[PDB]
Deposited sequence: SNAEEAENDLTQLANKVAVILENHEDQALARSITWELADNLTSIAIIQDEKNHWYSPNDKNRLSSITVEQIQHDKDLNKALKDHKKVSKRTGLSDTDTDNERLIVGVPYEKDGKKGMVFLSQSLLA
């Protein structure tokens, strides 16, 4: 049910990013969708990424260090994985949903990370 709702949300974020000409605006709309347990990491390209502001956050390094997440990122493919993340005190297991998006030829990714309650 976390997957269902987070996968739905991810694709909306995808629609939003893809259908605004102004990405900075599309990001500010997007951040309003992250709840106290969910955070978002938008990765447009190698030099450009942006994090939902403030337990549930995920970095480019945490992604590149997950072989299944990194593959998805590299290969521009959707991924749904449940895992603890690397290099964090908050090693709590999270649901993670990554979804590709494209704008003006700029292929990007939107990763969503949700804290899993015990």
No C-alpha coordinates means not modelled. Give me those stretches of the deposited sequence in order.
1-4, 59-62
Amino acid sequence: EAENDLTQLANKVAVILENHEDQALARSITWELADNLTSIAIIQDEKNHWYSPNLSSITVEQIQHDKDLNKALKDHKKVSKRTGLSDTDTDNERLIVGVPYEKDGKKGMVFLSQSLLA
From here on, numbers count along this sequence of modelled residues.
Once you work out the mean C-alpha B-factor for both 67-75 and 43-51 from the entry, which is higher?
67-75
Using only the Cα atoms and their B-factors as the entry lists them, report which of 97-105 and 16-24 averages higher.
97-105
Pick out which of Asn92, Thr38, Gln62, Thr30 has the highest C-alpha B-factor in the PDB entry.
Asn92
Chain-wide C-alpha B factor ranking for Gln114, given as lowest, middle or highest third:
lowest
